[PDB]
Amino acid sequence: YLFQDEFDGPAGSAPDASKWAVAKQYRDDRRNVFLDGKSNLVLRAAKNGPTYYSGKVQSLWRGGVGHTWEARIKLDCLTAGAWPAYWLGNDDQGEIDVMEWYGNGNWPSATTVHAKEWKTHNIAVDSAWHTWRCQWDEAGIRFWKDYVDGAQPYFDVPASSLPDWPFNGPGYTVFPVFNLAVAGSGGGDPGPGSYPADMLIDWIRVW
Ligand SMILES: [Mg+2]
């Protein structure tokens, strides 16, 4: 693999500090961002009195065009207020939102490519383990859920379809992000929700 983390390690420990920056409400607290000892990174949103704390990690590694990206994710957080997301970010222009689920009761879970000009596709996601695959090459960006050899992508965004396509710029790269947001537009009010809520990631691989 060009980049991977299998999130192996003792229960309660931090994700690999050579690969991830833990967002510092997000906090760098092992109660909210921790390896579970069973090969998963856990991002946990928890209520501390009136206040919610949760977790987010950003990859220190950035990858460019021509690769396939896949993560295995379990959403134990499909509740009001919660907003789990797996995305490939860029500081400047563009974003690949591989998988988002919204706790606001209004927006369907979806995959979205942003050029600046965006394309979105609704996805179903429940609380079971699923894999989420993104191939991003010169010609476009396409996606699979629970890939098996020869499966067709559920969503294909040709580079040509978005005139302001940033992704073929020289040296353009993206960083993987996993986060479990609470409230905001996508999460809605967490009051009626069930906390603590967990987003689990078994692995991310890029090749
Ligand atoms: Mg693992």
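The first residue in the sequence is number 1, and the count goes up from there. When a ligand or atom number is given, it counts from 1 through the structure's own listing order. The figures that follow rest on heavy atoms only: side chains count, while hydrogens, waters and symmetry mates do not.
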query = N/O/S of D202 less than 2.8 Å from the Mg ion (ligand 1)?
reply = yes
inquiry  = For a distance under 2.8 Å, tell me if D8 has an N/O/S atom near the Mg ion (ligand 1).
reply    = no
task = Assign the ring pair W107 / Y102 to parallel, tilted or perpendicular, where the plane angle (0 to 90°) is split at 30° and 60°.
result = perpendicular
query = Checking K47 against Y52: charged group under 6.0 Å from the ring centre and within 45 degrees of the axis?
reply = yes
note = Of all the N, O or S atoms in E6, the one nearest to the Mg ion (ligand 1) is O
ask   = Taking 2.8 Å as the cut-off, does an N/O/S atom of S39 lie below it from the Mg ion (ligand 1)?
value = yes
task = Please work out which of the three classes, parallel, tilted or perpendicular, describes the rings of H67 and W69, given edges at 30° and 60°.
result = tilted
request  = Under the side chain to side chain donor-acceptor pair (under 3.5 Å) rule, collect the residues that match up with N168, sequence neighbours excluded.
outcome  = none
